[PDB]
Amino acid sequence: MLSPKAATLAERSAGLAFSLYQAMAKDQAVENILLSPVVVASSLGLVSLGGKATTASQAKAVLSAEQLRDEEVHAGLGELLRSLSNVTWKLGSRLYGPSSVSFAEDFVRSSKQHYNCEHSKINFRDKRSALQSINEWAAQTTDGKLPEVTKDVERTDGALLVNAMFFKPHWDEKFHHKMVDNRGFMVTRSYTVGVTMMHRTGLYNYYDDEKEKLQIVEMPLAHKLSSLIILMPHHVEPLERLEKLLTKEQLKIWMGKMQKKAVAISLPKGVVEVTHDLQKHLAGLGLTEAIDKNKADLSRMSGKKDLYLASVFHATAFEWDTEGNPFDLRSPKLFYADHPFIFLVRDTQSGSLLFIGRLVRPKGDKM
Amino acid sequence: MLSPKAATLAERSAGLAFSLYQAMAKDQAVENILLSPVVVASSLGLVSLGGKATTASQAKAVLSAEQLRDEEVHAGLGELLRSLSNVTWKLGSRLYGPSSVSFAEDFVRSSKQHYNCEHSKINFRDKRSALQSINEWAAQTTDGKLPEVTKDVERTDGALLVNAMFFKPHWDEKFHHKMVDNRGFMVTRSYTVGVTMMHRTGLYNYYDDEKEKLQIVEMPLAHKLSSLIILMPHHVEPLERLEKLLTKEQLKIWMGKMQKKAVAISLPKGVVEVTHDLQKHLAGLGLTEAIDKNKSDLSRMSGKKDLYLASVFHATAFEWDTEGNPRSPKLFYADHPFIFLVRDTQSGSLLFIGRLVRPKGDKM
Amino acid sequence: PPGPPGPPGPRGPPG
Amino acid sequence: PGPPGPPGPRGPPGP
Amino acid sequence: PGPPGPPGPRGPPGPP
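Student: Please give an account of the overall build of chain A that cites residues and values.
Tutor: On a plain count of helices and strands, chain A comes out with ten helices and 13 strands. Dimensions of chain A, computed from C-alpha atoms along their principal axes, come out at roughly 70 × 45 × 35 Å.

Student: An account of the overall build of chain B is requested, with residue identities and associated values reported.
Tutor: Of the regular secondary structure elements, chain B holds ten helices and 14 strands. For a compact globule of 364 residues, the expected C-alpha radius of gyration is about 21 Å, and chain B comes in at 21 Å, within 12% of that figure. Projected onto its principal axes, the C-alpha coordinates of chain B cover approximately 65 × 45 × 35 Å.

Student: Break down the interface of chain C and chain D for me, with residues and values.
Tutor: Counting residues at the interface gives 15 residues for chain C, matched by 15 residues for chain D. Roughly 970 Å² is buried in total at the junction of chain C and chain D, and carbon and sulfur atoms are behind 56% of that figure. Counting the contacts that link chain C with chain D gives zero salt bridges. Run the count over chain C and chain D and you get six residue pairs in polar contact. For the side of chain C that touches chain D, the class distribution of residues is nine nonpolar, five polar and one charged.

Student: Describe the pattern of salt bridges, naming the residues involved and giving the relevant values.
Tutor: Under the criterion given, the structure shown has 54 salt bridges over all chains. Note that A:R358 is salt-bridged to A:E243, the shortest N-O span being 2.8 Å. What makes A:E243 buried here is its relative accessible area of 5%. Here B:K90 ties to B:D143 by a salt bridge, and the two come within 2.7 Å at their closest N and O atoms. You can see B:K90 sitting in strand 2 (residues 88–98) and its partner B:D143 sitting in the loop between helix 6 (127–142) and strand 4 (159–168), a full 53 residues away along the chain. You can call B:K90 partly exposed: its relative accessible area is 26%. Via salt bridges that share partners, A:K145, A:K168, A:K269, A:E319, A:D321 and A:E323 belong to a single interconnected network.

Student: Help me get a handle on the packing of aromatic side chains, residues and values and all.
Tutor: Using the criterion set out here, one finds 23 aromatic pairs over all chains in the structure. Considering the side-chain rings of A:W89 and A:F167, the 6.2 Å spacing of their centres and the 70° angle between planes classify their relative orientation as edge-to-face. Of this pair, A:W89 sits in strand 2 (residues 89–98) while A:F167 sits in strand 4 (residues 159–167), and the two are 78 residues apart along the sequence. Their ring planes at 55° and their centres at 5.9 Å tell us that B:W171 and B:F175 sit as a pair that is tilted. Given the relative accessible area of 1%, B:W171 is considered buried. Here the aromatic cluster, defined as three or more aromatic residues joined through ring pairs, consists of A:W89, A:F167, A:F318, A:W320, A:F341, A:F343 and A:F355.

Student: Just give me the short version of the domain arrangement of chain B, but keep the residues and values in it.
Tutor: All names here are of chain B. Partitioning chain B into structural domains gives domain 1 (3–171 + 269–326) and domain 2 (172–268 + 327–363). Of the residues lining the interface, 37 residues belong to domain 1; the matching set on domain 2 comes to 39 residues. Where domain 1 abuts domain 2, roughly 3300 Å² becomes buried across the two surfaces, and 65% of that area is made up of carbon and sulfur atoms. Here domain 1 and domain 2 share three salt bridges between them.

Student: Account for the packing of helix 2 (residues 37–50) of chain B against helix 3 (residues 53–62) of chain B, with residues named and values stated.
Tutor: Residues and elements named next belong to chain B. At their nearest, the axes of helix 2 and helix 3 sit 7 Å apart, and the two run at 155° to each other. What the angle tells us is that helix 2 and helix 3 run roughly antiparallel. Crossing geometry of helix 2 relative to helix 3 is assigned as left-handed. Between helix 2, through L44, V47 and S48, and helix 3, the contact on the second element is made entirely by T55, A56, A59, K60 and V62. For the contact of helix 2 with helix 3, the class distribution of residues is five nonpolar, two polar and one charged.

Student: Would you mind going over the domain arrangement of chain A in detail, with residue names and values included?
Tutor: Residue and element names in this part refer to chain A. For chain A, the assigned domains read domain 1 (3–171 + 269–329) and domain 2 (172–268 + 330–366). The straight-line distance from the C-alpha centre of domain 1 to that of domain 2 is 27 Å. At the interface, 40 residues of domain 1 touch 48 residues of domain 2. Among the elements of the structure, helix 1 (4–25), strand 1 (33–35), strand 9 (259–277) and strand 10 (309–320) are those that each provide at least two residues to the side of domain 1 that touches domain 2. The dominant element in the side of domain 1 that touches domain 2, judged by the number of residues it contributes, is helix 1, at eight residues. Tallied by class, the residues present in the side of domain 1 that touches domain 2 amount to 23 nonpolar, ten polar and seven charged.

Student: Would you mind going over helix 2 of chain B in detail, with residue names and values included?
Tutor: With 14 residues, helix 2 of chain B should cover 20 Å at 1.5 Å per step; its first-to-last C-alpha distance of 20 Å lies within 8% of that length. Within helix 2 of chain B, 14 of the 14 residues are buried, which leaves the element mostly enclosed by the surrounding structure.

Student: Break down the environment of A:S266 for me, citing the residues and quoting the values.
Tutor: You can see A:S266 is positioned in strand 9. For A:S266, a relative accessible area of 0% corresponds to the buried category. Measuring from C-alpha to C-alpha, the distance between A:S266 and A:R200 comes to 6.7 Å, with 66 residues separating the pair along the chain. Ignoring anything within four residues of it in the chain, the contact list for A:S266 reads A:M197, A:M198, A:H199, A:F335, A:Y336, A:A337 and E:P7.

Calculation notes
Residues numbered from 1 in each chain as written, not as in the entry; some residues may be left out. Chains lettered and ligands numbered in written order. Heavy atoms only, no water. Residues with missing side-chain atoms left out of burial classes, pairs and counts. Helix = DSSP H or I, 4+ residues; strand = E, 2+ residues; numbered from the N terminus. Rg over C-alpha atoms; globule rule 2.2 N^0.38 Å. Contact = heavy atoms within 4.5 Å. Buried area = accessible area lost by both parts, 1.4 Å probe. Salt bridge = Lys/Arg side-chain N within 4 Å of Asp/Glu carboxyl O. Polar contact = N/O pair within 3.5 Å; in protein donor to acceptor, adjacent residues only side chain to side chain. Nonpolar A, V, L, I, M, F, W, Y, C, P; charged D, E, K, R; others polar. Buried < 20%, exposed > 50% of the residue type's maximum accessible area, 1.4 Å probe, protein only. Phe/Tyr/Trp six-rings, centres within 6.5 Å; stacked < 30°, edge-to-face > 60°. Domains from an automatic or database assignment. Axes fitted to C-alpha atoms, helices over the stretch in contact; angles between N-to-C directions. Parallel < 35°, antiparallel > 145°, perpendicular 65-115°, else oblique. Left-handed = near helix turned anticlockwise from the far one by under 90°. Expected span 1.5 Å × (residues − 1).

Listed below in structure tokens is the structure:
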């Protein structure tokens, strides 16, 4: 069980991830979203850790932890990251600084300790090798499930925070290995993509909102320690309408309305790869000084004001697979996910949000 | 294998059936169409056989066999009728003339030889009993699958040729017996009928014409000896537009464009009973003299000008059933009118041409 | 061994 | 093999 | 023997 301080940070981490999701969902350039609240919060913790004055105070303020000691922040976030570990979960965090810069010992030790932070130098004078090394580090961290973070780095003169993840929900009741076929996923009413779908009928917590024209299903993960929640509108439509409805309170209402029913869950099968640069969105949440070359004070990090937060790459490979525990209906309700949906990974014990995302366009070709 | 003469007759029989189909499709009174090219050709053959002068020349001209000798047309249509016999298939040809008239020995011998045409004298003024006996003959011929030919016969004074058929395509890959449910078939955009549909996903020869907004599927029959071809527009629309496109040449183009793809075929299940009186339509194709009491010269039939062709009943019971031998699919969902063909694999010979516009069922 | 997939769903409603 | 699965969902509406 | 299969594919679209 989480300590009271880690628990409060977790609540803010969730709220922050909802704000980040909403910010990104408003961008018409953004298709799929994948956010780990904890990893997003740990990134602000590094800014507090490495920074001074306003640069650091903003990070604590975004984290709503301004009344806590710096040690309490780092310890709590450290505890939350540690709590994500409970094969099917892989995380790596690396800070890339220019060749010229030198990371400070104290920072290097603290970041290793609380945030499991790896440190590297990067030379963008040879851009190919610079990209190659980031992408390879991510490939190795996720054992090839995330083969590329970015095709290009916009800002080359600062610090680069890269988080590389691989998550594979392991079901409490597995899908049959043969319950897999090729279907069409409707990205829009006029655009279909060829996907692999996996299928299972079982008793699931389910709710059909006839008023808001949406379905909600809860899929318990291994040993009911966490669960995957799927929110999908009845019709193929842009997620904008549903996203407006999505709040911590609305989710509580929907979940109370759920009941154990026979449900034929059909989901796309495969790895969804998402890379976000959180840089612009975090600045919108109050982290203004850290991302500005002229105002950034990351001097606890390097010893000098020779650094700014150029990027915060949140890169995830989320795998939808048949695997789960062996542990396991005449007229089921269909939860046929062949159109965009919103999903959440919730920790059962804490209520702590592990993932927030949406699948709008899976891998495949047009038809 | 067909003789070269039978093969050329078969090509004319197909072309004739295309002309007949087109003629009928233009008629607003016509709903479902079911034609056996061979049996249709065999009917013109009997008019050539029993009629003389213009009455016979028209019959050959309709069939587009005017450049052939009379014996070539009769012998070759006989071989075609014979080759068909080998899937469930039942045929009966029968000549009904008035009880007073006399069938000529020479014609009786030739009609039974080539066309297997049994002859029967009947009182047509005796309506209920007349109908009862024709409809019973058809019921027995088809083993009750076609219980009725017609509800009425308008011309008591002339000759009646009746063809009674039962055809049941037996699939090379059967439908699962439980893959059957109740759906709605859209006869029009304002009219839906409750039907039973049968469903199967498999590899089928398929073509989707994006330009002409239509789908074409080939469903092989038992041992790939023949196949059932389905032509349907993408959306619910009367078949008129598709029918304009339908030609022997266009069909050849479409079939060459087909390829083996995963197809989810959904078809109405049941027996479709179709009874056509070809009389009016054949007259429109050139067979004018034979159907007219005042111009008909069927003297090779009845030794005198005491006969005319009142009707040519082409009666078929086509059964769509699940029975047959033991990537992301494309939908071929036949819940709206479609055109279909039964083709012989070896010859290319057209066994059936038709369309299902309104299946059995109640309005919903 | 699992059974085959079921039939396609009914046609959608009009516009 | 098991029995066929249930029918799929109803199709989308027309334009 | 064996469990039921998956649901079938989505139905065709409605008329305009």
